[PDB]
Amino acid sequence: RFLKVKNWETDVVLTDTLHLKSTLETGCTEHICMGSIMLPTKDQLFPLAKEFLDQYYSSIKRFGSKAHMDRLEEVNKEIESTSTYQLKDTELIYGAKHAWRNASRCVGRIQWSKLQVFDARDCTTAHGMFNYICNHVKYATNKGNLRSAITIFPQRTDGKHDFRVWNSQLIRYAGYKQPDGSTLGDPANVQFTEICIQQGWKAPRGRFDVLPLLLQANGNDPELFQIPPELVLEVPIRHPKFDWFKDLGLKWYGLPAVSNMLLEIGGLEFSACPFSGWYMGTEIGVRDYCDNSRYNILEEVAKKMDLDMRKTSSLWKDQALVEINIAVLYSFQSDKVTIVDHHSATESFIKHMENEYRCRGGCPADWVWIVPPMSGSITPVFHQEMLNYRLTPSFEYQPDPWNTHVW
Amino acid sequence: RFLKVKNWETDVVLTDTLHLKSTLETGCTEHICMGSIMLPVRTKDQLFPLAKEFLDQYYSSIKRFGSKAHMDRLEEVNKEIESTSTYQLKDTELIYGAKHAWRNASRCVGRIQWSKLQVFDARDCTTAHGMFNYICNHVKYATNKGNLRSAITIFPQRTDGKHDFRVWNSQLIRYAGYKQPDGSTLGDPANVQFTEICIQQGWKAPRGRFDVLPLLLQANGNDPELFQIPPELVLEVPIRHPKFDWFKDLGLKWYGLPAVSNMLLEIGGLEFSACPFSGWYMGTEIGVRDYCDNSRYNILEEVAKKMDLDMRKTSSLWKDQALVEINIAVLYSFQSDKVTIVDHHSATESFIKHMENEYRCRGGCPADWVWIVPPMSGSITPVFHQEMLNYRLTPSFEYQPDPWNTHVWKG
Ligand code: HEM
Ligand code: HEM
Ligand SMILES: C[C@H](O)[C@H](O)[C@H]1CNc2nc(N)[nH]c(=O)c2N1
Ligand SMILES: C[C@H](O)[C@H](O)[C@H]1CNc2nc(N)[nH]c(=O)c2N1
Ligand SMILES: CN(CCC[C@H](N)C(=O)O)C(=N)NO
Ligand SMILES: CN(CCC[C@H](N)C(=O)O)C(=N)NO
Ligand SMILES: [Zn+2]
């Protein structure tokens, strides 16, 4: 019931009690660990509501006060009457900050309490969604001095009037299969791009075409919009030592903004809740650039560095990887766009874990996602035992809308 | 039930049925994953089903399930258990058992090799000197002048828990660590406590940065005894770099034979508390962990100093740069001296092939992603992208408490 986690580099042992407040299921059993798997009515709603208001009122030191009991009554009244209920602005902000706080795959949670919440629950159309999103984009980007933000569209009702951003992130690049057989641009977005084209988008068929937004309001058929090019801050990639690096013609965008997740607060479901912070360097330079099913540039880069690519044991892939990652960090820092390196981010997360342990009784963390995709063991998180469990409010995966939508 | 795992790089999907045969616990529950936790005297009653399960597995593997030889062996084992409270494995079963413990070892990336294991039967051993002799022969055999061969040596099983055979060393070959009065450490900080025990037992310490530790060997529950492995049997590799000529002046070397000696081998309910085994190194074990962990030799600074990297900010990736150069050095050195070693690309790629074959032929391959993914360059290896299922099959290798914590000293 009381659980210990040990850091094997420092011997510091922490005690976790927060896991006893765990709501949802992990995917694991006593027989099988699924730690590495990517994706493992009125009566339902009141305990969920209660559980949430209880933690809310506890957080503002007013547990069992008049205002607390009155609110539970009011919400109780409203559920019984309307089958759903509405959050106060205060609850909405608390809920969103806590969904981030509870995100076990997020290394950047030291920042959790500095989140700008944009309430877009008064939104009714796709043009309105586009407006809200442009405003979020400009606010978060802040001319390169990035600020964390979330924009929250209206909650699910009967489930046939869902708000959804069909895009996986607000800003991503198009993917195109060619007669050649190869892939131009980002192979991860080939399918979404096809959906855009069949919906009407004139694709310029280039390597780094910022995708348009495909926005769905009120369960209606989704609609296309180009984000003002002037609002999409992009960074050309160069190297502080390699003159040739720029000739690869690589760029990335400054704003990482996940737009396909579902925010659950007090049982209510917010199916459109795009949020953004800022990049850790490895996300772009290791994953986006070097994954075999992504831009897959290691082969080209190693060539230009004239490494011996005959045998895997020369560590040529490893050498190029480091340089590509040096260039990403340098390019962002030179253009004054917020970015964090994996050493600094993981050092912060360890400090955050210690704060959460002493102030909250723990910190759900998924080691598989928290450890950076390069240089794992030279970052402190590699050596830190973590317990993974699901707390609410939460960000959840949800099915991609094209498989769900009834046109 | 059928469980699917996906590779997110290739979209190849595999189906696991093998997990249905898993008995032991993971530490995880429906409410908590303990997948990153390092560490999450049997009755007659508990012993017979364990023996039965094992013997059924053994007889199935040789295509003799339900045969007269199978049934006679169950009855013979049953009788032996009721009469003596334990039983003895036939040589054939011991070999099968030891190979399957390796096959089942979910944290081992080298399992493509599982069917090629030389098993040395040391169950006739009675004394610490006997153990020393067995271990010397294991080292010489496995080393093979640099052309490493996988091996395990199996000492007598647990009886009453008061007569255990144990190798107190965590690996047969390791370097001493010494805590200085000024709080710094000479040698390997991981081995300070064990080095202190050795000294107290009467080892005369040379007190340098790479002193091969003596063996501390416990036979039949007696107090352990010290022995020095003959130096001519300990193959070592001076570390140098293919392009950086100052690298040799760091004074680094490592030993060629990685030989885990502190684990417990479970076969058919029987417990083999001393079962040292060895394969060969994957380069990152030495170049990433042994050299660059902060709590190990911790050489990152000195290497980066010598490379003249910008060290004023982490975001130069200086640590990452030094790290790669050190790992190139380790692979180059071992290759140049004709000592078996495998790089993390080759080893992970082979593991994925192994894993896919096991799914097809066996119905699964339990694997601990946290341990399988190498400690540098994670996602440019195919294992990072492979979903895995972790579960516990027997025969198995298990952790056991350190013997200095449990031993009853006789004096
Ligand atoms: C402030 C800067 C932030 C940093 C440096 C950061 C860091 C990261 C990183 C590196 C990942 C892994 C991404 C991947 O591999 O695909 C991640 C995942 C995640 N983060 Fe953050 N984060 C930040 C802000 C935020 C914010 C503002 C939120 C929500 C308000 C958030 C919630 C999440 C969630 C839910 C995931 C998992 C997403 C998934 O499963 O795909 N993070 N974080
Ligand atoms: C043949 C070459 C082999 C290679 C390249 C290899 C590779 C590895 C590596 C890199 C690890 C992780 C080590 C660490 O981080 O401490 C490991 C773990 C392990 N391997 Fe192997 N292995 C090999 C042979 C063997 C053999 C012969 C056995 C036993 C018969 C074995 C059983 C295990 C076990 C039980 C672990 C887990 C150790 C622990 O939990 O501390 N392996 N393997
Ligand atoms: C199969 C495995 O779970 C998968 O590759 C994970 C591993 N760790 C990860 N870690 C992060 N941060 N992001 C990812 O997409 C992944 N992918
Ligand atoms: C806390 C964490 O489980 C621990 O540091 C693990 C991570 N993965 C590992 N993987 C291997 N191969 N060896 C290790 O010692 C570790 N250490
Ligand atoms: C969640 N993450 C954004 C994910 C972006 C993605 N990994 C990418 O590398 O493009 C993040 N840094 N939060 O803002
Ligand atoms: C288990 N592993 C050996 C472990 C050795 C350890 N990583 C070391 O570097 O000393 C191995 N390759 N087996 O042969
Ligand atoms: Zn688990």
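Excluded from the calculations below are hydrogen atoms, water molecules and symmetry mates; all remaining heavy atoms, backbone and side chain alike, are included. Proteins come first, then strands; the chains are lettered A, B, ... in the order of their sequence lines, and each starts at number 1.
- For the residue pair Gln319(A) / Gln321(B), no side-chain donor-acceptor distance below 3.5 Å is found, with atom types taken as modelled.
- Within the 4.5 Å cutoff, no side-chain heavy atoms of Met376(B) are placed close to those of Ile378(A).
- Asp293(B) touches chain A through its side chain: at least one heavy atom from C-beta onward sits under 4.5 Å away, while N, CA, C and O do not.
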Problem set entry | Check against side chain to side chain contact (heavy atoms under 4.5 Å, CB included), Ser379(B) and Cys290(A) | CA-CA 8 Å; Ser379(B) 74; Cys290(A) 297; over 6 Å; no
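- Among the candidates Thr284(B), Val370(B), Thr381(B), the residue making the largest number of heavy-atom pairs closer than 4.5 Å to chain A is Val370(B).
- The environment of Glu396(A) atom CD is dense: over 12 non-hydrogen atoms of other residues, nucleotides or ligands sit within 6.0 angstrom.
- Within a 6.0 Å sphere centred on CG of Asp11(B), other residues, nucleotides and ligands contribute more than 12 heavy atoms.
- With contacts defined as side-chain heavy-atom distances shorter than 4.5 Å, the pair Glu30(A)/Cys28(B) does not qualify.
- Chosen from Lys319(B), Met38(B), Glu9(B), the residue pairing most often with chain A at heavy-atom distances under 4.5 Å is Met38(B).
- Only the side chain of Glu325(B) comes within less than 4.5 Å of a heavy atom in chain A; its backbone stays farther off.
- Heavy atoms closer than 4.5 Å to chain A are found nowhere in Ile341(B), neither backbone nor side chain.
- Of the two parts of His31(B), the backbone and the side chain both hold a non-hydrogen atom closer than 4.5 Å to a non-hydrogen atom of chain A.
- Annotation: the span from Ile37(A) atom CD1 to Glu387(B) atom CD amounts to 4.0 Å, rounded to 0.5 Å.
- With hydrogens and angles left out, the side-chain atoms of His383(A) and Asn294(B) include no donor and acceptor closer than 3.5 Å.
- In this structure, the side chains of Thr29(B) and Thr26(A) stay at 4.5 Å or more apart for every pair of heavy atoms.
- Distance alone, capped at 3.5 Å, is enough to place a donor-acceptor pair between the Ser36(A) side chain and the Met388(B) backbone.
- If you measure heavy-atom distances from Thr23(B) to chain A, the contacts under 4.5 Å come from the backbone alone.
- In this structure, CG on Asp318(A) lies 11.0 Å from CG on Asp320(B), to the nearest 0.5 angstrom.
- The environment of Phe2(B) atom CZ is sparse: at most 12 non-hydrogen atoms of other residues, nucleotides or ligands sit within 6.0 angstrom.
- Only the side chain of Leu298(A) comes within less than 4.5 Å of a heavy atom in chain B; its backbone stays farther off.
- Residues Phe382(A) and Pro375(B) are in side-chain contact: their nearest non-hydrogen atoms beyond the backbone lie under 4.5 Å apart.
- Top candidate by heavy-atom pairs under 4.5 Å with chain B, chosen from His19(A), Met38(A), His342(A), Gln384(A), is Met38(A).
- Only the side chain of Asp343(B) comes within contact range of chain A, with at least one heavy atom under 4.5 Å from a heavy atom of that chain.
- Looking at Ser316(B), the atoms closer than 4.5 Å to chain A (heavy atoms on both sides) all sit in the backbone: N, CA, C or O.
- For the pair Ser346(B)/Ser313(A), no side-chain contact is recorded, criterion being any heavy-atom separation below 4.5 Å from C-beta on.
- Looking only at heavy-atom pairs under 4.5 Å with chain B, the residue among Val371(A), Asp366(A), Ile326(A), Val286(A) that has the most is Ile326(A).
- Counting heavy-atom pairs closer than 4.5 Å to chain B, the top-ranked of the candidates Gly376(A), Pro240(A), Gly35(A) is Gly376(A).
- Proximity to chain A (any heavy atom under 4.5 Å) is shown, for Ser377(B), by both the backbone and the side chain.
- Considering only heavy-atom pairs separated by less than 4.5 Å from chain B, the leading option among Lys4(A), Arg287(A), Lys6(A) is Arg287(A).
- Using a 4.5 Å cut-off between heavy atoms, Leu389(B) contacts chain A through both its backbone and its side chain.
- Two residues are said to be in side-chain contact when any heavy atoms from C-beta on lie closer than 4.5 Å; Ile32(B) and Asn388(A) fail this criterion.
- Interface remark: of the candidates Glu347(A), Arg294(A), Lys311(A), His343(A), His343(A) forms the most heavy-atom pairs closer than 4.5 Å to chain B.
- The contact between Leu317(B) and chain A is made by backbone and side chain atoms together, counting heavy-atom distances below 4.5 Å.
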